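Participant: Pasting target-v3.cif below, which is mmCIF, C-alpha atoms and all ligand atoms.
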```
data_data
loop_
_atom_site.label_atom_id
_atom_site.label_comp_id
_atom_site.auth_asym_id
_atom_site.auth_seq_id
_atom_site.Cartn_x
_atom_site.Cartn_y
_atom_site.Cartn_z
CA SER P 5 0.00 0.00 0.00
CA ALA P 6 0.84 3.70 0.11
CA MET P 7 3.29 3.72 3.05
CA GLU P 8 5.65 1.15 1.52
CA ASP P 9 5.50 3.06 -1.79
CA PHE P 10 6.37 6.35 -0.08
CA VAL P 11 9.25 4.69 1.77
CA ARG P 12 10.60 3.39 -1.54
CA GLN P 13 10.30 6.74 -3.35
CA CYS P 14 11.79 8.88 -0.59
CA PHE P 15 14.57 6.83 0.98
CA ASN P 16 17.46 5.51 -0.98
CA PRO P 17 17.86 1.75 -1.60
CA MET P 18 20.54 1.12 1.05
CA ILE P 19 18.57 2.80 3.87
CA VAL P 20 15.47 0.81 2.86
CA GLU P 21 17.36 -2.50 2.83
CA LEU P 22 18.87 -1.72 6.23
CA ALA P 23 15.48 -0.87 7.74
CA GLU P 24 13.95 -4.06 6.30
CA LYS P 25 16.73 -6.10 7.90
CA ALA P 26 16.05 -4.27 11.18
CA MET P 27 12.38 -5.30 10.90
CA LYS P 28 13.10 -8.93 9.96
CA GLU P 29 15.40 -9.13 13.01
CA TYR P 30 12.63 -8.50 15.56
CA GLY P 31 9.99 -10.26 13.47
CA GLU P 32 8.19 -7.24 12.05
CA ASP P 33 6.55 -6.97 8.62
CA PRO P 34 7.16 -3.63 6.83
CA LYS P 35 3.94 -4.10 4.85
CA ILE P 36 2.01 -4.23 8.14
CA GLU P 37 4.02 -2.06 10.55
CA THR P 38 4.37 0.68 7.98
CA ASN P 39 4.70 3.60 10.41
CA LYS P 40 7.59 1.82 12.12
CA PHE P 41 9.16 1.11 8.71
CA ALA P 42 9.02 4.84 7.94
CA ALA P 43 10.33 5.74 11.41
CA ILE P 44 13.28 3.37 11.06
CA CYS P 45 14.21 4.78 7.65
CA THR P 46 13.93 8.32 8.95
CA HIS P 47 16.13 7.64 11.98
CA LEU P 48 18.70 5.84 9.84
CA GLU P 49 18.93 8.70 7.36
CA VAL P 50 19.29 11.32 10.09
CA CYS P 51 22.10 9.31 11.69
CA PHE P 52 23.88 9.12 8.33
CA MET P 53 23.47 12.86 7.65
CA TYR P 54 24.67 13.70 11.15
CA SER P 55 27.73 11.53 10.59
CA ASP P 56 28.40 12.82 7.07
CA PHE P 57 28.47 16.40 8.39
CA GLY P 58 31.94 15.67 9.80
CA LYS P 67 39.54 13.53 9.25
CA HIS P 68 36.07 12.24 10.03
CA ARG P 69 34.53 13.42 13.28
CA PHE P 70 31.88 10.74 13.71
CA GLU P 71 31.76 6.97 13.79
CA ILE P 72 28.37 5.58 12.76
CA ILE P 73 27.24 2.74 14.99
CA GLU P 74 23.56 2.74 13.98
CA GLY P 75 22.95 0.64 10.86
CA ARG P 76 25.58 -2.00 11.61
CA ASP P 77 24.59 -5.48 12.71
CA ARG P 78 24.81 -5.96 16.46
CA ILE P 79 28.10 -7.93 16.37
CA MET P 80 29.83 -5.23 14.38
CA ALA P 81 28.24 -2.38 16.35
CA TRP P 82 29.42 -3.73 19.70
CA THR P 83 32.80 -4.50 18.14
CA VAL P 84 33.04 -0.80 17.17
CA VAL P 85 31.91 0.45 20.58
CA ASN P 86 34.37 -1.94 22.22
CA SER P 87 37.23 -0.74 20.02
CA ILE P 88 36.48 2.92 20.82
CA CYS P 89 36.32 2.17 24.56
CA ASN P 90 39.59 0.24 24.57
CA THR P 91 41.37 3.01 22.65
CA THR P 92 39.90 5.97 24.60
CA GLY P 93 38.98 4.63 28.05
CA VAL P 94 35.52 6.14 27.56
CA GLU P 95 33.03 4.19 29.67
CA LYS P 96 31.11 1.52 27.75
CA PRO P 97 27.40 2.28 27.25
CA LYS P 98 24.68 -0.03 28.46
CA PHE P 99 22.76 0.40 25.18
CA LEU P 100 24.00 0.67 21.60
CA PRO P 101 24.25 4.40 20.84
CA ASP P 102 24.02 5.90 17.36
CA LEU P 103 27.42 7.57 16.85
CA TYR P 104 30.77 8.34 18.44
CA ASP P 105 32.18 11.88 18.33
CA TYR P 106 35.98 11.73 18.15
CA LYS P 107 36.26 15.51 18.60
CA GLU P 108 34.21 15.73 21.82
CA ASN P 109 35.11 12.08 22.62
CA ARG P 110 31.59 10.98 23.52
CA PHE P 111 28.86 8.72 22.26
CA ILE P 112 25.71 10.29 20.82
CA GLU P 113 22.14 9.03 20.97
CA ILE P 114 20.00 10.54 18.18
CA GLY P 115 16.24 10.86 18.71
CA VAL P 116 13.56 11.56 16.09
CA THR P 117 10.11 12.18 17.54
CA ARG P 118 6.64 13.18 16.39
CA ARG P 119 5.92 14.55 19.89
CA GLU P 120 7.43 17.48 21.80
CA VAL P 121 11.23 17.37 21.76
CA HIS P 122 11.44 17.79 25.55
CA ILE P 123 9.05 14.88 26.13
CA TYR P 124 11.19 12.53 24.05
CA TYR P 125 14.39 13.95 25.56
CA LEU P 126 13.12 13.03 29.03
CA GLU P 127 12.13 9.58 27.72
CA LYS P 128 15.61 8.90 26.27
CA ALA P 129 17.47 10.35 29.27
CA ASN P 130 15.40 8.24 31.66
CA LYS P 131 15.96 5.14 29.50
CA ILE P 132 19.73 5.25 29.06
CA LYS P 133 20.54 6.74 32.51
CA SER P 134 24.19 7.36 31.55
CA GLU P 135 25.45 10.89 32.26
CA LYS P 136 28.19 10.38 29.63
CA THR P 137 26.20 9.67 26.42
CA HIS P 138 25.21 12.93 24.72
CA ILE P 139 21.57 13.10 23.59
CA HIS P 140 20.32 15.03 20.54
CA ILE P 141 16.58 15.07 19.71
CA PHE P 142 15.11 16.33 16.43
CA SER P 143 11.41 16.85 15.77
CA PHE P 144 9.59 17.22 12.43
CA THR P 145 8.80 20.85 13.34
CA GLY P 146 12.35 22.16 13.10
CA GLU P 147 12.95 21.83 16.84
CA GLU P 148 15.89 20.26 18.68
CA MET P 149 16.92 19.44 22.25
CA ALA P 150 20.40 18.30 23.30
CA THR P 151 22.29 17.61 26.50
CA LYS P 152 23.49 20.89 28.05
CA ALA P 153 22.10 22.56 24.90
CA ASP P 154 25.30 21.39 23.18
CA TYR P 155 24.22 20.58 19.62
CA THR P 156 27.65 19.32 18.44
CA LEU P 157 26.98 20.48 14.84
CA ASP P 158 27.17 23.85 13.12
CA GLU P 159 23.95 25.65 12.23
CA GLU P 160 23.98 24.69 8.56
CA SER P 161 24.17 20.94 9.32
CA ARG P 162 21.44 21.00 11.94
CA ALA P 163 19.41 23.05 9.45
CA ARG P 164 19.94 20.48 6.68
CA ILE P 165 18.61 17.78 9.03
CA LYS P 166 15.65 19.93 10.06
CA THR P 167 14.75 20.66 6.44
CA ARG P 168 14.93 16.98 5.54
CA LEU P 169 12.70 15.90 8.45
CA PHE P 170 10.09 18.58 7.68
CA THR P 171 10.22 17.49 4.03
CA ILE P 172 9.53 13.87 4.99
CA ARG P 173 6.62 15.11 7.08
CA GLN P 174 5.13 17.20 4.29
CA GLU P 175 5.52 14.32 1.83
CA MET P 176 3.54 12.10 4.20
CA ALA P 177 0.96 14.86 4.61
CA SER P 178 0.35 15.26 0.88
CA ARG P 179 -0.14 11.48 0.67
CA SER P 180 -2.44 11.62 3.74
CA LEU P 181 -0.03 9.41 5.75
CA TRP P 182 1.14 12.02 8.27
CA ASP P 183 -1.76 11.83 10.73
CA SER P 184 -1.40 8.06 11.15
CA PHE P 185 2.34 8.56 11.57
CA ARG P 186 2.43 11.28 14.23
CA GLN P 187 -0.40 9.63 16.23
CA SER P 188 1.68 6.45 16.27
CA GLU P 189 4.49 6.34 18.80
CA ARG P 190 5.83 3.32 16.91
CA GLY P 191 9.47 3.80 15.91
CA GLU P 192 10.40 6.05 18.86
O1 LIG T 201 16.70 6.41 18.36
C1 LIG T 201 16.49 5.25 18.50
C2 LIG T 201 15.10 4.81 18.81
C3 LIG T 201 14.82 3.32 18.99
BR1 LIG T 201 13.02 2.72 19.38
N1 LIG T 201 15.91 2.33 18.88
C4 LIG T 201 17.29 2.77 18.59
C5 LIG T 201 18.37 1.70 18.46
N2 LIG T 201 19.81 1.92 18.31
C6 LIG T 201 20.46 0.63 18.21
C7 LIG T 201 19.39 -0.42 18.29
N3 LIG T 201 18.12 0.25 18.44
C8 LIG T 201 17.59 4.25 18.40
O2 LIG T 201 18.89 4.67 18.12
MN MN T 202 20.49 3.49 17.68
MN MN T 203 18.69 6.89 18.23
#
```
Go ahead and render the structure in this file as structure tokens.
Facilitator:
Amino acid sequence: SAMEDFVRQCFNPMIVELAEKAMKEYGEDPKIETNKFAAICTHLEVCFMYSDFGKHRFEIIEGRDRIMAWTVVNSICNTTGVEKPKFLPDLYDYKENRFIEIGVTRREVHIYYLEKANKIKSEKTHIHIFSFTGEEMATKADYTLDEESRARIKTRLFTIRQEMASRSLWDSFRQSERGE
């Protein structure tokens, strides 16, 4: 139906294949859990943009299989002494020397920030939350990126939102917490 079609028009093949593998892992069907499909693609693409806006400053951990992701986190810990996270984060920042958790929410950015902060309960992992309304929230209000990069992410999220809205998919998507 329409959600899968939108996902295939708007995200590039590699992001789609990754998100489908992420679904198959749990046991989820992208033709059924279409909002989650879309949410997974959107989070993947934001993580990749964030990382590409970096000598590379960021290490992408999101998108790898679990073995490789924990291998990367483990390597970074052993070579920096940075404390190991309890949950797989999304990126490592070699400039600030900290892991980053990236949130993408359809609700208020502060609501989701509190949710993430309460979940990961690690004072060391930096948290950065983007909404589809051009809003952000980050630990200590440290946004890591320069204005143009954060703006490119904001524009892309809002675009995804407006594309769902013109297809009439947005209301189902923002009323669903699935994918956050
Ligand atoms: O932002 C996120 C929201 C949700 Br739900 N899951 C994850 C995740 N990272 C590694 C495995 N699962 C996020 O990074
Ligand atoms: Mn992640
Ligand atoms: Mn994340």
Participant: Compute the set of protein, DNA and RNA residues whose minimum atom distance to ligand MN 202 (chain T) is at most 7 Å, using all atoms listed in the file, and state it as a list in words.
Facilitator: residues 74, 100, 101, 102 and 113 of chain P
Participant: Using only C-alpha atoms and all ligand atoms, which protein or nucleic acid residues are at most 12 Å from ligand MN 203 (chain T), as JSON, numbers by chain?
Facilitator: {"P": [43, 44, 45, 46, 47, 48, 49, 50, 51, 52, 54, 72, 73, 74, 75, 99, 100, 101, 102, 103, 111, 112, 113, 114, 115, 116, 117, 124, 125, 127, 128, 129, 131, 132, 137, 138, 139, 140, 141, 142, 191, 192]}
Participant: Nearest to ligand LIG 201 (chain T): which of P:24, P:77, P:183, P:33 is it, counting all atoms listed in the file?
Facilitator: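 Using all atoms listed in the file, the shortest distance to ligand LIG 201 (chain T) belongs to P:77.
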Participant: Enter the distance from CA of residue 53 in chain P to CA of residue 8 in chain P, in Å, rounded to one decimal.
Facilitator: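 Computing the Euclidean distance for CA of residue 53 in chain P and CA of residue 8 in chain P yields 22.2 Å.
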Participant: Nearest to ligand LIG 201 (chain T) among P:107, P:179, P:98, P:136, with distances taken over all atoms listed in the file: which residue is it?
Facilitator: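 For ligand LIG 201 (chain T), the nearest of the given residues is P:98.
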Participant: Please put the answer as AutoDock Vina command-line options: centre and edge lengths, in Å with one decimal, of a box along x, y and z that encloses all listed atoms of range 78-95 of chain P plus 6 Å on each side.
Facilitator:
```
--center_x 33.1 --center_y -0.9 --center_z 22.0 --size_x 28.6 --size_y 26.1 --size_z 27.3
```
Participant: Rank nothing, just name the residue among P:69, P:119, P:92, P:126 nearest to residue 104 in chain P, using only C-alpha atoms.
Facilitator: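 Nearest to residue 104 in chain P: P:69.
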Participant: Atoms are missing here; could range 104-136 of chain P be completed with N, CA and C atoms and written as a PDB file, keeping the file's coordinate frame?
Facilitator:
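Generated file (part_33.pdb):
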```pdb
ATOM      1  N   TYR P 104      29.701   7.878  17.556  1.00  0.00           N
ATOM      2  CA  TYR P 104      30.770   8.340  18.440  1.00  0.00           C
ATOM      3  C   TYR P 104      31.383   9.605  17.863  1.00  0.00           C
ATOM      4  N   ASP P 105      31.595  10.601  18.715  1.00  0.00           N
ATOM      5  CA  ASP P 105      32.180  11.880  18.330  1.00  0.00           C
ATOM      6  C   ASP P 105      33.625  11.885  18.819  1.00  0.00           C
ATOM      7  N   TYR P 106      34.557  11.769  17.865  1.00  0.00           N
ATOM      8  CA  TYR P 106      35.980  11.730  18.150  1.00  0.00           C
ATOM      9  C   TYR P 106      36.535  13.094  18.527  1.00  0.00           C
ATOM     10  N   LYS P 107      35.855  14.176  18.147  1.00  0.00           N
ATOM     11  CA  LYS P 107      36.260  15.510  18.600  1.00  0.00           C
ATOM     12  C   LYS P 107      35.909  15.733  20.072  1.00  0.00           C
ATOM     13  N   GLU P 108      34.626  15.601  20.428  1.00  0.00           N
ATOM     14  CA  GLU P 108      34.210  15.730  21.820  1.00  0.00           C
ATOM     15  C   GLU P 108      34.506  14.472  22.644  1.00  0.00           C
ATOM     16  N   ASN P 109      34.824  13.363  21.983  1.00  0.00           N
ATOM     17  CA  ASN P 109      35.110  12.080  22.620  1.00  0.00           C
ATOM     18  C   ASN P 109      33.931  11.608  23.475  1.00  0.00           C
ATOM     19  N   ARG P 110      32.777  11.454  22.819  1.00  0.00           N
ATOM     20  CA  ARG P 110      31.590  10.980  23.520  1.00  0.00           C
ATOM     21  C   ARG P 110      30.658  10.269  22.559  1.00  0.00           C
ATOM     22  N   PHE P 111      29.887   9.333  23.077  1.00  0.00           N
ATOM     23  CA  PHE P 111      28.860   8.720  22.260  1.00  0.00           C
ATOM     24  C   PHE P 111      27.657   9.648  22.153  1.00  0.00           C
ATOM     25  N   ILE P 112      26.924   9.520  21.047  1.00  0.00           N
ATOM     26  CA  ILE P 112      25.710  10.290  20.820  1.00  0.00           C
ATOM     27  C   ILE P 112      24.551   9.334  20.573  1.00  0.00           C
ATOM     28  N   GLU P 113      23.441   9.609  21.255  1.00  0.00           N
ATOM     29  CA  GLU P 113      22.140   9.030  20.970  1.00  0.00           C
ATOM     30  C   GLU P 113      21.309  10.065  20.218  1.00  0.00           C
ATOM     31  N   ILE P 114      20.764   9.665  19.070  1.00  0.00           N
ATOM     32  CA  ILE P 114      20.000  10.540  18.180  1.00  0.00           C
ATOM     33  C   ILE P 114      18.536  10.144  18.280  1.00  0.00           C
ATOM     34  N   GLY P 115      17.677  11.090  18.631  1.00  0.00           N
ATOM     35  CA  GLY P 115      16.240  10.860  18.710  1.00  0.00           C
ATOM     36  C   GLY P 115      15.496  11.601  17.617  1.00  0.00           C
ATOM     37  N   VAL P 116      14.499  10.939  17.029  1.00  0.00           N
ATOM     38  CA  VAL P 116      13.560  11.560  16.090  1.00  0.00           C
ATOM     39  C   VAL P 116      12.152  11.254  16.540  1.00  0.00           C
ATOM     40  N   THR P 117      11.398  12.306  16.873  1.00  0.00           N
ATOM     41  CA  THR P 117      10.110  12.180  17.540  1.00  0.00           C
ATOM     42  C   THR P 117       9.056  12.975  16.789  1.00  0.00           C
ATOM     43  N   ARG P 118       7.823  12.471  16.855  1.00  0.00           N
ATOM     44  CA  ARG P 118       6.640  13.180  16.390  1.00  0.00           C
ATOM     45  C   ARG P 118       5.981  13.965  17.502  1.00  0.00           C
ATOM     46  N   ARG P 119       6.458  13.828  18.745  1.00  0.00           N
ATOM     47  CA  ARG P 119       5.920  14.550  19.890  1.00  0.00           C
ATOM     48  C   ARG P 119       6.859  15.702  20.256  1.00  0.00           C
ATOM     49  N   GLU P 120       6.578  16.371  21.375  1.00  0.00           N
ATOM     50  CA  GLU P 120       7.430  17.480  21.800  1.00  0.00           C
ATOM     51  C   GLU P 120       8.861  16.981  22.027  1.00  0.00           C
ATOM     52  N   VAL P 121       9.841  17.802  21.626  1.00  0.00           N
ATOM     53  CA  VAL P 121      11.230  17.370  21.760  1.00  0.00           C
ATOM     54  C   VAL P 121      11.612  17.177  23.228  1.00  0.00           C
ATOM     55  N   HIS P 122      11.037  17.957  24.156  1.00  0.00           N
ATOM     56  CA  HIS P 122      11.440  17.790  25.550  1.00  0.00           C
ATOM     57  C   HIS P 122      10.868  16.509  26.124  1.00  0.00           C
ATOM     58  N   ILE P 123       9.674  16.123  25.673  1.00  0.00           N
ATOM     59  CA  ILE P 123       9.050  14.880  26.130  1.00  0.00           C
ATOM     60  C   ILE P 123       9.928  13.691  25.772  1.00  0.00           C
ATOM     61  N   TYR P 124      10.342  13.625  24.501  1.00  0.00           N
ATOM     62  CA  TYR P 124      11.190  12.530  24.050  1.00  0.00           C
ATOM     63  C   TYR P 124      12.583  12.616  24.663  1.00  0.00           C
ATOM     64  N   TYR P 125      13.118  13.829  24.846  1.00  0.00           N
ATOM     65  CA  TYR P 125      14.390  13.950  25.560  1.00  0.00           C
ATOM     66  C   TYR P 125      14.305  13.302  26.936  1.00  0.00           C
ATOM     67  N   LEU P 126      13.277  13.646  27.712  1.00  0.00           N
ATOM     68  CA  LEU P 126      13.120  13.030  29.030  1.00  0.00           C
ATOM     69  C   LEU P 126      13.010  11.510  28.910  1.00  0.00           C
ATOM     70  N   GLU P 127      12.250  11.025  27.926  1.00  0.00           N
ATOM     71  CA  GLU P 127      12.130   9.580  27.720  1.00  0.00           C
ATOM     72  C   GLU P 127      13.497   8.926  27.488  1.00  0.00           C
ATOM     73  N   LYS P 128      14.290   9.466  26.562  1.00  0.00           N
ATOM     74  CA  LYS P 128      15.610   8.900  26.270  1.00  0.00           C
ATOM     75  C   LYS P 128      16.531   8.986  27.482  1.00  0.00           C
ATOM     76  N   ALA P 129      16.573  10.152  28.134  1.00  0.00           N
ATOM     77  CA  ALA P 129      17.470  10.350  29.270  1.00  0.00           C
ATOM     78  C   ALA P 129      17.129   9.390  30.387  1.00  0.00           C
ATOM     79  N   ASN P 130      15.834   9.181  30.629  1.00  0.00           N
ATOM     80  CA  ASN P 130      15.400   8.240  31.660  1.00  0.00           C
ATOM     81  C   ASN P 130      15.755   6.819  31.271  1.00  0.00           C
ATOM     82  N   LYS P 131      15.672   6.499  29.970  1.00  0.00           N
ATOM     83  CA  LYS P 131      15.960   5.140  29.500  1.00  0.00           C
ATOM     84  C   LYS P 131      17.436   4.791  29.660  1.00  0.00           C
ATOM     85  N   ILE P 132      18.325   5.641  29.150  1.00  0.00           N
ATOM     86  CA  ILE P 132      19.730   5.250  29.060  1.00  0.00           C
ATOM     87  C   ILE P 132      20.508   5.575  30.325  1.00  0.00           C
ATOM     88  N   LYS P 133      20.017   6.497  31.158  1.00  0.00           N
ATOM     89  CA  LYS P 133      20.540   6.740  32.510  1.00  0.00           C
ATOM     90  C   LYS P 133      22.060   6.588  32.573  1.00  0.00           C
ATOM     91  N   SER P 134      22.727   7.260  31.628  1.00  0.00           N
ATOM     92  CA  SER P 134      24.190   7.360  31.550  1.00  0.00           C
ATOM     93  C   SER P 134      24.535   8.829  31.340  1.00  0.00           C
ATOM     94  N   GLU P 135      25.145   9.460  32.347  1.00  0.00           N
ATOM     95  CA  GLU P 135      25.450  10.890  32.260  1.00  0.00           C
ATOM     96  C   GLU P 135      26.434  11.216  31.139  1.00  0.00           C
ATOM     97  N   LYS P 136      27.088  10.203  30.570  1.00  0.00           N
ATOM     98  CA  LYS P 136      28.190  10.380  29.630  1.00  0.00           C
ATOM     99  C   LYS P 136      27.738  10.438  28.171  1.00  0.00           C
TER     100      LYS P 136
END
```
